[PDB]
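# Next input, structure requested:
(chains A and B)
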Amino acid sequence: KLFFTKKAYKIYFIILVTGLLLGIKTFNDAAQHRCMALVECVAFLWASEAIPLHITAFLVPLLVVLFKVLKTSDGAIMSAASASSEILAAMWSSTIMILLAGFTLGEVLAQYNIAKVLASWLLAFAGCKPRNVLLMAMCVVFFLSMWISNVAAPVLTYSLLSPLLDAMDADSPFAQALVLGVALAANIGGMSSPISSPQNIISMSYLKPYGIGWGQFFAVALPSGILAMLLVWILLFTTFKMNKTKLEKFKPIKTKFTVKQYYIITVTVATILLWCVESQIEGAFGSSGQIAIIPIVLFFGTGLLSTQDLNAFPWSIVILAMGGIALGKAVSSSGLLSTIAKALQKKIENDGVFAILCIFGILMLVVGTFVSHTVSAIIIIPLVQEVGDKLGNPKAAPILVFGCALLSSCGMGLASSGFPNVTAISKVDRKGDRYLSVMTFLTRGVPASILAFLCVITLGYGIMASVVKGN
Amino acid sequence: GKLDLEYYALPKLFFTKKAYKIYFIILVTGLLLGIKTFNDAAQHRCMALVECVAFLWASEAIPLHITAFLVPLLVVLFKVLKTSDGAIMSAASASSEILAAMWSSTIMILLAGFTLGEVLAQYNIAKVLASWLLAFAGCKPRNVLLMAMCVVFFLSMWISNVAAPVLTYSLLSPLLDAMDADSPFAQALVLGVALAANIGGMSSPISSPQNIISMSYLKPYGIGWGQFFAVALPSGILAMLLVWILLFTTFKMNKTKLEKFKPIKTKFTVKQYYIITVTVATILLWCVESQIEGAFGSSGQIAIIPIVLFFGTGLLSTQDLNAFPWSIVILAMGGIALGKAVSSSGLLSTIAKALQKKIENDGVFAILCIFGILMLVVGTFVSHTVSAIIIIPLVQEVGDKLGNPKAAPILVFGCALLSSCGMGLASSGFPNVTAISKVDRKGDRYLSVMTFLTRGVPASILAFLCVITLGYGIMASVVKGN
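Residues are numbered from 1 along each chain as shown, chains lettered A, B, ... in the order given. Please find the structure below.
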């Protein structure tokens, strides 16, 4: 009956490999060994999509508690009762609330015909060429994520492209290409500015003593990011067959706004501006999570959005993000990534700067695809900094730290890791059919992950060799 | 929707009931923040925050889930959270803790209740399980009405007390639709479903969100599902019986012709048997959680079993996951955040110390009545979930500071059971809101406001008495101190 389906075969395979992993002594620490088994199980469940993606996110805390892969700050394995409270507490963070604020902003901008006018203006600017519209969309996502990060920018842009994405079927290659382009552009733009991602902020904090500032960061990150985005755009418009389709001519809407629309625009602009200067108001608002509440209270409390719209939010995206955060917490606390990176550090110690940078970037590309980018960056950056300090080159440490920070955002193959990929893979047509699939994400995102890796180590490193002075 | 606003130069929305409530709340909050209230600055700001959130929740100036969303922002802004040393924590640190306190085990148990309450209703399991009990009633009007309340009470412990009344109305539709508003049998407060579901939160920990929130406080004292079935089932059944008598004598419905219900005579497919087997296993695991705690961790992790085996098997799609009531989840998260904020700031400890110094020599019974009767009127006016959010931590702290053992579980259990009480006044909850909106055929609303305020309030007092005597005795017999 249902025991001989392809899903059943995939489920049996995951159980077999996870058990063999749990049987054969892989690591010399029980916590790290069982964490590796759990990571393999969750990663294969997400990649093969044997069960729904958000359901594997629900399964993550249960497996973390059962596998005993959580340890105290002392270094002893935490109890089952304590592991249940720790993993559940860490699931809800500020980024979830930023995503909720992005959902609210997209809903209000689409419902009150505010996104329609700006969308018409942008589409008129871009032109009637199907390839050019994709470039405009990716550029908008890049510009937004350069300031307010890629947690909420994809949602805002998907709200922006709603007038064009509403009438396109899920089987249309243009719609799938647009969704994938927005996701990949957000992922690439998450490396552009020192406030574009938490990993970038940590990198800026680490690099400030060396001499790198807000200005020198841009000269090395913006060119590489733009080149990577252009290469990804070329790949998307070459391998998706978006061209030859018919796009209607868009005329800008010149109708004047209204007091309610002006209030919505003012609230949205104030929220975006507060997100941009979050580092300056951290002593008052704490983080972007609390700033994400103002667009929620001011739009739901005032009655603009009904409580039915809150129940209409894509809550599966939220659950998928929770699962990603929980897996990242398990990996960070267990010590798997620390052990792997220490082994690599012992491996490549006397090699040249380029070799260390390339090998650590490959490690982050492989790890960052499954584990969250921020956790990998947090674990890895101090180690490569120590390697650079050991190296006799005066510019070794800043170059290594900057390259590792830029390459930490190159993990884009998986459709369940990273907020842009989670948002893109859980976007449905008007008939409920999902636009993209995990297979499509792996087919056109793994090459995109490689392209961003190369642009960092050829153009980014080339600019870095001159911009970075160290000392 | 509409893009235009109505003015008078000033918009019309600036002078309305909601705007007046917001103005009053802002004025009083500014008054408390300015005038010195507590010696400790953190406690004073926590008092101001507590007043603001309580006034927003009770007056319904903004939606309850929206107030819950606002709670973390106010907690971070007011700087009420305190570190282990005793210094005011930074805004960045306060953001992490107040956001890590939102998702917890209670939320996972809350989500499992929605999952269990969806498969049992979508796959025609609870429908049959209520239909055959309805068929067992017979034809007597008093017996049919009694069976209706008992069926709602028995369902509310699995399908919760919100989804149970609508299914009960659906199963009573041929009887209710044919019967007119003139008949006193149908006029018996919509066949007693509202009264049964309001005491439906008595049934079990997965009956109402108040029970889910309170079981976290009941757990450290040793109270599990055994105690929540030893103290709640008899008290709830006795209160239900007294309510049945009160509705039966005061409505003179003995003159009514009814037809015996026909049970759904259908075989159970292996798919339907799968739902029951998993549902029973989750309940059995919850009951024995204390013995299998060393492996599964907590009921929060145990609650992921029904979700996984009902979603990854294709029984429930992604549309059902988005169709869950997430306003209740947000409200519970905000309530837990407020509880953490009041516990960390030290306001609750000071209030409990003052109350203990004011009244200590009295017995635990009297301190239960004085706290219970306040909770009755609070639940009558304020929402039951909000009431369990605000009162339970205070009574728990007071019982902890009491010099008598077992007193803290006594008070916590008594207030948690009484949280579902406070039902006389209409528009106090979903079962009564759905009750008044019910319409019999062409006739208008047959359950009038006067009838509800004349029947529910004495029924609420009967429930209070059936708690403070029967539940008090049993709980004193069964629960243990320290």
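# which residues sit against stretch A:427-441?
With C-beta atoms under 8 Å, 6 or more residues apart in numbering or on different chains as the test, stretch A:427-441 has contacts from A:46-47, A:49, A:53, A:158, A:166, A:168-171, A:175-176, A:179-180, A:413-416, A:421, A:424-426, B:319. For every residue, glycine as well, the C-beta is placed using N, CA and C.
# Tell me who's in contact with the residue of the stretch 301-450 of chain A found nearest chain B.
At 4.0 Å from chain B, residue A:301 is the closest residue in the stretch 301-450 of chain A, using C-beta to the nearest C-beta. Going by C-beta under 8 Å, 6+ apart, residue A:301 touches B:62-63, B:66, B:70.
# Just put those in a markdown table and tack on secondary structure.
Formatted as a markdown table, the contacts of residue A:301 follow (DSSP: H, G, I helix; E, B strand; the rest coil):
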| residue | secondary structure |
| --- | --- |
| B:62 | coil |
| B:63 | coil |
| B:66 | helix |
| B:70 | helix |
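# Most widely separated two among those residues?
B:63 and B:70 (10.2 Å; C-beta to C-beta).
# what about the residue nearest to residue A:371 when sequence neighbours are not counted, how many residues close to it?
Residue nearest to residue A:371 in three dimensions, not counting chain neighbours: residue A:331, with 5.1 Å by C-beta to C-beta, 6 or more residues apart in numbering or on different chains. Residue A:331: 26 surrounding residues under other C-beta atoms under 10 Å in any protein chain shown.
# residue contacts, residue A:331?
Under the criterion of C-beta under 8 Å, 6+ apart, the contact list for residue A:331 reads A:35, A:39, A:337, A:371, A:375.
# wait, doesn't the fourth one sit right on residue A:340?
The one in question is residue A:371. No. Between residue A:371 and residue A:340 there is no contact under C-beta atoms under 8 Å: 10.5 Å.
# more crowded one of these two?
Just comparing residue A:371 and residue A:340: by other C-beta under 10 Å the higher neighbour count belongs to residue A:371, 25 against 18.
# For that one, which residues are in contact?
Shown in contact with residue A:371 (C-beta under 8 Å, 6+ apart): A:39, A:327-328, A:331, A:337, A:417.
# cool, residue A:176 as well?
Contacts of residue A:176 by C-beta under 8 Å, 6+ apart are A:170, A:240, A:435-436, A:440.
# Filter these down to the buried ones, ChimeraX style.
Buried subset of the contacts of residue A:176, written as a ChimeraX selection, criterion 16 or more other C-beta atoms under 10 Å in any protein chain shown:
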select /A:170,240,435,436,440
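# So which of the contacts of residue A:371 wins on neighbours?
Of all these, the most densely surrounded is residue A:327 (29 neighbours; neighbours counted as other C-beta under 10 Å).
# With adjacent residues omitted, what lies nearest to the residue in the stretch 201-350 of chain A that chain B sits nearest to?
Sorted by distance to chain B under C-beta to the nearest C-beta, the residues of the stretch 201-350 of chain A start with residue A:286, at 3.4 Å. Leaving aside its chain neighbours, residue A:286 sits nearest to residue B:95 (3.4 Å; criterion: C-beta to C-beta, 6+ apart).
# Can you tell me the element the one you found falls in?
Element membership for residue B:95, per DSSP states H and E: helix B:91-100.
# now the angle between helix A:94-111 and that helix, please.
Per axes from the mean of the first three to the mean of the last three C-alpha atoms, to 10 degrees, the angle that helix B:91-100 makes with helix A:94-111 is 80 degrees.
# tell me the contacts of residue A:158?
Neighbour list for residue A:158: A:106, A:165, A:179, A:182, A:423, A:427 [criterion: C-beta under 8 Å, 6+ apart].
# ok, the first one - how many residues close by?
By the measure other C-beta under 10 Å, the count of residues near residue A:106 is 22.
# which residues does it contact?
Applying C-beta under 8 Å, 6+ apart to residue A:106 gives the contacts A:115, A:155-156, A:158-159.
# For residue A:297, list the residues it contacts.
Counting by C-beta under 8 Å, 6+ apart, residue A:297 touches B:62, B:66, B:69-70, B:73.
# Neighbours of residue A:433, how many?
Look at residue A:433: counted by other C-beta under 10 Å, it has 10 neighbours.
# Which residue would be the closest one in the stretch 1-150 of chain A to chain B?
Closest point on the stretch 1-150 of chain A to chain B, by C-beta to the nearest C-beta, is residue A:84, at 3.1 Å.
# picking up where we left off before, show me which of the contacts of residue A:301 is closest to chain A.
Nearest to chain A among those is residue B:62, at 4.0 Å by C-beta to the nearest C-beta.
# For that closest one, grab phi and psi.
Per-residue torsions, residue B:62: phi -130, psi 160 (degrees, to the nearest 10).
# what residues are up against the most centrally placed residue in chain A?
Central residue of chain A (C-alpha atoms, centre = their mean): residue A:418, 2.9 Å from the mean position. By C-beta under 8 Å, 6+ apart, residue A:418 lies in contact with A:150, A:187, A:324, A:372-373, A:411-412.
# how about a markdown table for these, with neighbour count added?
Output for the contacts of residue A:418, formatted as a markdown table (neighbours: other C-beta atoms under 10 Å in any protein chain shown):
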| residue | neighbour count |
| --- | --- |
| A:150 | 28 |
| A:187 | 32 |
| A:324 | 27 |
| A:372 | 27 |
| A:373 | 28 |
| A:411 | 26 |
| A:412 | 31 |
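# So chain A: which segments form each domain?
Domain ranges of chain A: A:1-89, A:94-198+A:216-317, per automatic domain parsing.
# The longest one: end-to-end distance?
Using C-alpha to C-alpha, to the nearest Å, the gap from the first to the last residue of domain A:94-198+A:216-317 comes to 15 Å.
# Centre of the chain to that domain, how far?
In terms of C-alpha atoms, centre = their mean, to the nearest Å, the centre of domain A:94-198+A:216-317 is found 14 Å from the chain centre.
# Ok, stretch A:363-374 next?
Distance of stretch A:363-374 from the chain centroid (C-alpha atoms, centre = their mean) equals 11 Å.
# What of stretch A:351-360?
Computed by C-alpha atoms, centre = their mean, the chain-centroid distance of stretch A:351-360 equals 25 Å.
# what comes up buried for it?
Across stretch A:351-360, burial judged by 16+ other C-beta under 10 Å covers A:353, A:356-358, A:360.
# Stretch A:282-290 now?
By 16+ other C-beta under 10 Å, the buried positions in stretch A:282-290 come out as A:285-290.
# And stretch A:13-30, by the same measure?
Buried, per 16+ other C-beta under 10 Å, within stretch A:13-30: A:14, A:18, A:21-22, A:27, A:29.
# One more: stretch A:451-467?
A:451-457, A:459-461, A:463-464, A:467.
# Same check on stretch A:187-206?
A:187-204, A:206.
# Could you report the neighbour count for residue A:66?
16.
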